[PDB]
$ cat input.cif   # mmCIF, C-alpha atoms and all ligand atoms
data_entry
loop_
_atom_site.group_PDB
_atom_site.id
_atom_site.type_symbol
_atom_site.label_atom_id
_atom_site.label_comp_id
_atom_site.auth_asym_id
_atom_site.auth_seq_id
_atom_site.Cartn_x
_atom_site.Cartn_y
_atom_site.Cartn_z
ATOM 1 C CA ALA V 1 -10.464 11.589 -17.153
ATOM 2 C CA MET V 2 -7.301 10.597 -15.272
ATOM 3 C CA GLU V 3 -9.422 9.200 -12.464
ATOM 4 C CA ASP V 4 -11.432 7.190 -15.032
ATOM 5 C CA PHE V 5 -8.239 6.003 -16.721
ATOM 6 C CA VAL V 6 -6.923 4.606 -13.429
ATOM 7 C CA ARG V 7 -10.115 2.751 -12.578
ATOM 8 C CA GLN V 8 -10.311 1.400 -16.112
ATOM 9 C CA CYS V 9 -6.665 0.381 -16.751
ATOM 10 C CA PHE V 10 -5.602 -1.083 -13.329
ATOM 11 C CA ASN V 11 -6.895 -4.140 -11.435
ATOM 12 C CA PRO V 12 -9.391 -3.371 -8.604
ATOM 13 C CA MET V 13 -7.100 -4.698 -5.815
ATOM 14 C CA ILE V 14 -4.458 -2.201 -6.969
ATOM 15 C CA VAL V 15 -6.879 0.748 -7.264
ATOM 16 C CA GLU V 16 -8.245 -0.114 -3.818
ATOM 17 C CA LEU V 17 -4.805 -0.334 -2.188
ATOM 18 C CA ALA V 18 -3.699 2.929 -3.908
ATOM 19 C CA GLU V 19 -6.921 4.684 -2.920
ATOM 20 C CA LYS V 20 -6.731 3.527 0.696
ATOM 21 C CA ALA V 21 -3.126 4.642 1.145
ATOM 22 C CA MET V 22 -3.999 8.086 -0.206
ATOM 23 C CA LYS V 23 -7.132 8.496 1.966
ATOM 24 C CA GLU V 24 -5.278 7.504 5.193
ATOM 25 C CA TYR V 25 -2.810 10.353 4.508
ATOM 26 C CA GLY V 26 -5.768 12.680 3.758
ATOM 27 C CA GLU V 27 -5.054 12.874 0.022
ATOM 28 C CA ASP V 28 -7.974 12.861 -2.428
ATOM 29 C CA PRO V 29 -7.548 10.557 -5.486
ATOM 30 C CA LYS V 30 -10.048 12.686 -7.432
ATOM 31 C CA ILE V 31 -7.781 15.754 -7.016
ATOM 32 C CA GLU V 32 -4.278 14.282 -6.920
ATOM 33 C CA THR V 33 -5.069 12.202 -9.979
ATOM 34 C CA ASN V 34 -1.450 12.086 -11.283
ATOM 35 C CA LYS V 35 -0.311 10.867 -7.833
ATOM 36 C CA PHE V 36 -3.044 8.207 -7.930
ATOM 37 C CA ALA V 37 -1.919 7.033 -11.381
ATOM 38 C CA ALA V 38 1.709 6.955 -10.120
ATOM 39 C CA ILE V 39 0.841 4.968 -6.972
ATOM 40 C CA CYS V 40 -1.129 2.347 -9.009
ATOM 41 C CA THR V 41 1.640 2.184 -11.609
ATOM 42 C CA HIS V 42 4.363 1.623 -8.995
ATOM 43 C CA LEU V 43 2.193 -0.908 -7.140
ATOM 44 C CA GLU V 44 1.593 -2.940 -10.321
ATOM 45 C CA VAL V 45 5.327 -2.958 -11.157
ATOM 46 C CA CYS V 46 6.139 -4.240 -7.627
ATOM 47 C CA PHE V 47 3.543 -7.035 -8.009
ATOM 48 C CA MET V 48 4.746 -7.898 -11.480
ATOM 49 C CA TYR V 49 8.389 -8.059 -10.211
ATOM 50 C CA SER V 50 7.211 -10.340 -7.319
ATOM 51 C CA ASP V 51 5.335 -12.649 -9.672
ATOM 52 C CA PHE V 52 8.573 -13.622 -11.483
ATOM 53 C CA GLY V 53 9.786 -16.022 -8.767
ATOM 54 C CA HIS V 54 8.817 -17.857 -4.414
ATOM 55 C CA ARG V 55 12.054 -15.886 -5.213
ATOM 56 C CA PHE V 56 10.694 -12.576 -3.897
ATOM 57 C CA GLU V 57 8.909 -11.385 -0.778
ATOM 58 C CA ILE V 58 6.451 -8.547 -1.445
ATOM 59 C CA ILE V 59 6.749 -5.672 1.116
ATOM 60 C CA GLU V 60 5.110 -2.819 -0.762
ATOM 61 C CA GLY V 61 1.326 -2.862 -0.737
ATOM 62 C CA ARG V 62 0.980 -4.055 2.848
ATOM 63 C CA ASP V 63 0.122 -1.903 5.869
ATOM 64 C CA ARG V 64 3.120 -0.753 7.907
ATOM 65 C CA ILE V 65 2.584 -3.247 10.757
ATOM 66 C CA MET V 66 2.640 -6.169 8.315
ATOM 67 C CA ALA V 67 5.501 -4.617 6.275
ATOM 68 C CA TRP V 68 7.838 -4.223 9.303
ATOM 69 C CA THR V 69 6.763 -7.667 10.591
ATOM 70 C CA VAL V 70 7.955 -9.161 7.259
ATOM 71 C CA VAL V 71 11.197 -7.116 7.353
ATOM 72 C CA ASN V 72 12.100 -7.940 10.991
ATOM 73 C CA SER V 73 11.362 -11.551 10.247
ATOM 74 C CA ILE V 74 13.625 -11.601 7.193
ATOM 75 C CA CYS V 75 16.366 -9.812 9.170
ATOM 76 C CA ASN V 76 16.239 -12.275 12.132
ATOM 77 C CA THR V 77 16.417 -15.320 9.884
ATOM 78 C CA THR V 78 19.063 -14.040 7.396
ATOM 79 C CA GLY V 79 21.148 -11.694 9.584
ATOM 80 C CA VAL V 80 20.835 -8.921 6.968
ATOM 81 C CA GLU V 81 20.794 -5.379 8.270
ATOM 82 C CA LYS V 82 17.447 -3.680 8.894
ATOM 83 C CA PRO V 83 16.691 -0.763 6.527
ATOM 84 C CA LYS V 84 15.471 2.596 7.855
ATOM 85 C CA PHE V 85 12.808 2.800 5.151
ATOM 86 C CA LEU V 86 10.473 0.065 4.014
ATOM 87 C CA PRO V 87 11.821 -1.327 0.699
ATOM 88 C CA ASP V 88 9.551 -2.823 -1.971
ATOM 89 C CA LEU V 89 10.685 -6.535 -2.125
ATOM 90 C CA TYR V 90 13.185 -9.033 -0.646
ATOM 91 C CA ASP V 91 15.186 -11.344 -2.960
ATOM 92 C CA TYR V 92 15.830 -14.678 -1.171
ATOM 93 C CA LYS V 93 18.165 -15.710 -4.027
ATOM 94 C CA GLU V 94 20.556 -12.678 -3.827
ATOM 95 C CA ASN V 95 19.627 -12.174 -0.131
ATOM 96 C CA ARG V 96 19.149 -8.403 -0.452
ATOM 97 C CA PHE V 97 16.239 -5.981 -0.238
ATOM 98 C CA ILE V 98 15.160 -4.247 -3.461
ATOM 99 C CA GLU V 99 13.900 -0.699 -3.904
ATOM 100 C CA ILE V 100 11.866 -0.308 -7.076
ATOM 101 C CA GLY V 101 11.666 3.108 -8.757
ATOM 102 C CA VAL V 102 9.280 4.084 -11.544
ATOM 103 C CA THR V 103 9.971 7.559 -13.009
ATOM 104 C CA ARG V 104 8.956 9.819 -15.873
ATOM 105 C CA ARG V 105 12.401 11.535 -15.721
ATOM 106 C CA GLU V 106 15.742 10.140 -16.957
ATOM 107 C CA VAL V 107 16.591 6.904 -15.168
ATOM 108 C CA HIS V 108 20.070 8.057 -13.963
ATOM 109 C CA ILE V 109 18.481 11.176 -12.411
ATOM 110 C CA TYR V 110 15.899 9.165 -10.459
ATOM 111 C CA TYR V 111 18.521 6.552 -9.616
ATOM 112 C CA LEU V 112 20.665 9.214 -7.958
ATOM 113 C CA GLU V 113 17.755 10.723 -6.127
ATOM 114 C CA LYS V 114 16.761 7.265 -4.712
ATOM 115 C CA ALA V 115 20.332 6.176 -4.020
ATOM 116 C CA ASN V 116 20.872 9.417 -2.032
ATOM 117 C CA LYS V 117 17.645 8.984 -0.051
ATOM 118 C CA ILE V 118 18.692 5.462 1.202
ATOM 119 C CA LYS V 119 22.550 5.724 0.992
ATOM 120 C CA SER V 120 24.090 3.780 3.907
ATOM 121 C CA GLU V 121 21.522 1.037 3.112
ATOM 122 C CA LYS V 122 22.817 -2.094 1.273
ATOM 123 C CA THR V 123 19.439 -2.076 -0.549
ATOM 124 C CA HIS V 124 19.512 -2.949 -4.241
ATOM 125 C CA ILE V 125 17.910 -0.279 -6.445
ATOM 126 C CA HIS V 126 16.147 -0.989 -9.730
ATOM 127 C CA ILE V 127 14.719 1.941 -11.666
ATOM 128 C CA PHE V 128 12.286 1.717 -14.618
ATOM 129 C CA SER V 129 11.083 4.510 -16.891
ATOM 130 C CA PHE V 130 8.175 4.691 -19.305
ATOM 131 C CA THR V 131 10.658 4.592 -22.192
ATOM 132 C CA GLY V 132 12.016 1.092 -21.587
ATOM 133 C CA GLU V 133 15.132 2.228 -19.829
ATOM 134 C CA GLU V 134 16.168 0.809 -16.523
ATOM 135 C CA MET V 135 19.043 1.371 -14.157
ATOM 136 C CA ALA V 136 20.018 -0.991 -11.323
ATOM 137 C CA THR V 137 22.851 -0.930 -8.834
ATOM 138 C CA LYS V 138 26.006 -2.480 -10.323
ATOM 139 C CA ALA V 139 23.984 -2.975 -13.529
ATOM 140 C CA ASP V 140 22.671 -6.077 -11.804
ATOM 141 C CA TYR V 141 19.069 -6.229 -13.122
ATOM 142 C CA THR V 142 18.064 -9.173 -10.911
ATOM 143 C CA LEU V 143 15.370 -10.524 -13.357
ATOM 144 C CA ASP V 144 15.749 -12.299 -16.700
ATOM 145 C CA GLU V 145 15.234 -10.475 -19.964
ATOM 146 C CA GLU V 146 11.613 -11.648 -20.465
ATOM 147 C CA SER V 147 10.468 -10.383 -17.058
ATOM 148 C CA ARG V 148 12.213 -7.061 -17.557
ATOM 149 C CA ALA V 149 10.639 -6.868 -21.061
ATOM 150 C CA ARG V 150 7.135 -7.474 -19.615
ATOM 151 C CA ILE V 151 7.460 -4.662 -17.041
ATOM 152 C CA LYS V 152 8.773 -2.235 -19.665
ATOM 153 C CA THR V 153 5.972 -3.170 -22.097
ATOM 154 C CA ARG V 154 3.374 -2.552 -19.376
ATOM 155 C CA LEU V 155 4.955 0.828 -18.442
ATOM 156 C CA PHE V 156 5.127 1.946 -22.079
ATOM 157 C CA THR V 157 1.513 0.784 -22.540
ATOM 158 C CA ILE V 158 0.339 2.923 -19.612
ATOM 159 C CA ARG V 159 2.225 5.824 -21.121
ATOM 160 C CA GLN V 160 0.576 5.385 -24.505
ATOM 161 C CA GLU V 161 -2.918 4.885 -22.993
ATOM 162 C CA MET V 162 -2.383 8.200 -21.173
ATOM 163 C CA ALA V 163 -1.334 9.826 -24.433
ATOM 164 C CA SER V 164 -4.439 8.347 -26.220
ATOM 165 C CA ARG V 165 -6.495 10.359 -23.651
ATOM 166 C CA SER V 166 -4.297 13.501 -23.738
ATOM 167 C CA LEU V 167 -3.248 12.802 -20.112
ATOM 168 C CA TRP V 168 0.443 11.936 -20.670
ATOM 169 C CA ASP V 169 1.606 15.616 -20.781
ATOM 170 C CA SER V 170 0.171 16.379 -17.359
ATOM 171 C CA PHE V 171 1.541 13.113 -15.991
ATOM 172 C CA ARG V 172 5.116 13.351 -17.355
ATOM 173 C CA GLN V 173 5.687 16.962 -16.025
ATOM 174 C CA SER V 174 4.489 15.893 -12.620
ATOM 175 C CA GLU V 175 6.785 14.072 -10.171
ATOM 176 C CA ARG V 176 4.105 13.420 -7.522
ATOM 177 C CA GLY V 177 4.326 9.722 -6.569
ATOM 178 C CA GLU V 178 8.141 9.595 -7.141
HETATM 179 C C1 LIG V 201 7.414 7.942 -3.085
HETATM 180 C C2 LIG V 201 7.749 6.554 -3.093
HETATM 181 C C3 LIG V 201 8.386 5.937 -4.180
HETATM 182 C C4 LIG V 201 8.645 4.569 -4.167
HETATM 183 O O1 LIG V 201 9.217 4.022 -5.142
HETATM 184 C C5 LIG V 201 8.289 3.887 -2.983
HETATM 185 O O2 LIG V 201 8.464 2.546 -2.926
HETATM 186 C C6 LIG V 201 7.621 4.517 -1.914
HETATM 187 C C7 LIG V 201 7.177 3.937 -0.722
HETATM 188 O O3 LIG V 201 7.323 2.730 -0.397
HETATM 189 O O4 LIG V 201 6.648 4.707 0.096
HETATM 190 O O5 LIG V 201 7.388 5.875 -1.967
HETATM 191 MN MN MN V 202 7.903 1.160 -1.451
HETATM 192 MN MN MN V 203 9.598 1.925 -4.692
#
$ encode --input "input.cif" --output "structure tokens"
Amino acid sequence: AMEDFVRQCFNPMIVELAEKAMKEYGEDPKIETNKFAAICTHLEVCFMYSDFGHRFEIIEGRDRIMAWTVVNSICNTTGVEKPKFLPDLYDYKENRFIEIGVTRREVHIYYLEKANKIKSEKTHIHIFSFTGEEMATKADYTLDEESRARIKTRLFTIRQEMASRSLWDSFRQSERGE
């Protein structure tokens, strides 16, 4: 059911990218179905965030060679410090990397968990939930209200589609993919 939901509610490029990533790390999308749903969800949010500028450079969703090539290239041309972990986007307006979090827990909880993982990075963090809450470093939300609204609508819609199919309860009590 969850597997069907993913193939039927996300765009094939996203499903394919999610699927590939899982398979290369020897994870089965048919088994880790909540993880699959989470990967697709996070991928879509990153793409949606990208498609609101050429304000943003998309890092997530590429292979690691391409991802680090983009990062090194941004670092050389801007002077900005290299992160230890691949972030999700670069913002050429604010001239900072962004880490995007999508969580089924409280936003402040996930925010802390992410901020702790990459502390000593100057990376901007922007967390979204499936309840329309967000949290961003310095309450700087980067995007305008309409763009933010569109991401939250999409997240809430995924949530409610899951609930239509009695999948939301499994999904929410899982953290796999965060
Ligand atoms: C588990 C997790 C959560 C993310 O938000 C993220 O961007 C990544 C990633 O880029 O690997 O991994
Ligand atoms: Mn990422
Ligand atoms: Mn992320």
$ resolve_selection --input "input.cif" --expression "the PyMOL selection byres (((chain V and resi 36) around 9) and not hetatm)" --output "number ranges by chain"
V: 2-3, 6, 15, 18-19, 22, 28-35, 37-41, 176-177
$ resolve_selection --input "input.cif" --expression "the PyMOL selection byres (((chain V and resi 96-100) around 10) and not hetatm)" --output "PyMOL selection string"
chain V and resi 42-43+45-46+49+56-60+71+74+78+80-83+85-95+101-102+111+114-115+118+121-128+136-137+142
$ resolve_selection --input "input.cif" --expression "the PyMOL selection byres (((chain V and resi 158-173) around 6) and not hetatm)" --output "count of residues only"
6
$ atom_distance --input "input.cif" --atom1 "atom CA of residue 108 of chain V" --atom2 "atom CA of residue 135 of chain V"
6.8 Å
$ closest_residue --input "input.cif" --among "V:51, V:73, V:44, V:79" --to "ligand LIG 201 (chain V)" --atoms "only C-alpha atoms and all ligand atoms"
V:44
$ closest_residue --input "input.cif" --among "V:1, V:9, V:21, V:75" --to "ligand MN 202 (chain V)" --atoms "all atoms listed in the file"
V:21
$ atom_distance --input "input.cif" --atom1 "atom CA of residue 154 of chain V" --atom2 "atom CA of residue 13 of chain V"
17.3 Å
$ build_atoms --input "input.cif" --residues "segment 55-68 of chain V" --atoms "N, CA and C atoms" --output "mmCIF file, in the frame of the given file"
data_model
loop_
_atom_site.group_PDB
_atom_site.id
_atom_site.type_symbol
_atom_site.label_atom_id
_atom_site.label_comp_id
_atom_site.auth_asym_id
_atom_site.auth_seq_id
_atom_site.Cartn_x
_atom_site.Cartn_y
_atom_site.Cartn_z
ATOM 1 N N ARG V 55 10.736 -16.575 -5.272
ATOM 2 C CA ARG V 55 12.054 -15.886 -5.213
ATOM 3 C C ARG V 55 11.960 -14.638 -4.325
ATOM 4 N N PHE V 56 10.838 -13.916 -4.425
ATOM 5 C CA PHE V 56 10.694 -12.576 -3.897
ATOM 6 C C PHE V 56 9.607 -12.508 -2.827
ATOM 7 N N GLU V 57 9.874 -11.716 -1.788
ATOM 8 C CA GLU V 57 8.909 -11.385 -0.778
ATOM 9 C C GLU V 57 8.402 -9.961 -1.025
ATOM 10 N N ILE V 58 7.084 -9.819 -1.153
ATOM 11 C CA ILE V 58 6.451 -8.547 -1.445
ATOM 12 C C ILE V 58 6.300 -7.751 -0.138
ATOM 13 N N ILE V 59 6.842 -6.523 -0.094
ATOM 14 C CA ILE V 59 6.749 -5.672 1.116
ATOM 15 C C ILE V 59 5.800 -4.503 0.835
ATOM 16 N N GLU V 60 5.979 -3.881 -0.325
ATOM 17 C CA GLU V 60 5.110 -2.819 -0.762
ATOM 18 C C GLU V 60 3.690 -3.380 -0.873
ATOM 19 N N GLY V 61 2.708 -2.532 -0.550
ATOM 20 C CA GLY V 61 1.326 -2.862 -0.737
ATOM 21 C C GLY V 61 0.689 -3.428 0.516
ATOM 22 N N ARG V 62 1.490 -3.685 1.547
ATOM 23 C CA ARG V 62 0.980 -4.055 2.848
ATOM 24 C C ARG V 62 0.912 -2.819 3.738
ATOM 25 N N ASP V 63 0.103 -2.907 4.797
ATOM 26 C CA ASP V 63 0.122 -1.903 5.869
ATOM 27 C C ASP V 63 1.472 -2.003 6.606
ATOM 28 N N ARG V 64 1.793 -0.952 7.359
ATOM 29 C CA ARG V 64 3.120 -0.753 7.907
ATOM 30 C C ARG V 64 3.431 -1.783 9.007
ATOM 31 N N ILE V 65 2.400 -2.219 9.733
ATOM 32 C CA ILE V 65 2.584 -3.247 10.757
ATOM 33 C C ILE V 65 3.040 -4.537 10.076
ATOM 34 N N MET V 66 2.298 -4.955 9.045
ATOM 35 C CA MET V 66 2.640 -6.169 8.315
ATOM 36 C C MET V 66 4.002 -6.014 7.630
ATOM 37 N N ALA V 67 4.264 -4.836 7.054
ATOM 38 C CA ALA V 67 5.501 -4.617 6.275
ATOM 39 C C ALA V 67 6.751 -4.784 7.155
ATOM 40 N N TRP V 68 6.735 -4.161 8.340
ATOM 41 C CA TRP V 68 7.838 -4.223 9.303
ATOM 42 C C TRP V 68 7.920 -5.614 9.937
#
